[PDB]
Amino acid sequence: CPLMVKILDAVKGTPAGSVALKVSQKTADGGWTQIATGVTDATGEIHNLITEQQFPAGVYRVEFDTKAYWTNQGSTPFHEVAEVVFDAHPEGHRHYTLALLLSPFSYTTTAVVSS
């Protein structure tokens, strides 16, 4: 998998399960084309989100539905969504891991880029 995620819940100290996310690719005209959507499992990850064939070089946006994550827990969050925008160069089997630490009024997005 060239694009992976790892979401953690900073209130309970567990992975963030059942977070919905969408992957969008920026096109020539500057617009965004949705190319995939998924939901984290109980470990805060998604497997088989997009193939290397679906993941050419270019700018991508990954939108995490963090508001619903907190609302379904009875907490009231600040952010509508968490969006991670980055220029990708999957070359030489270069893989990207988007880590995300969630609190109701704050989140941290970091990237682990390999090969």
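Note that residue numbering follows the sequence shown and begins at 1.
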| property | result |
| --- | --- |
| Residue stretch of maximal mean CA temperature factor, 20-28 vs 95-103 | 20-28 |
| Greater mean Cα temperature factor according to the PDB record, 62-70 or 29-37 | 29-37 |
| Criterion, highest CA B-factor; candidates, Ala42, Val84, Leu49, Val81 | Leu49 |
| Chain-wide C-alpha B factor ranking for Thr109, given as lowest, middle or highest third | middle |
| Cα B factor band for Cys1 (lowest, middle or highest third within the chain) | highest |
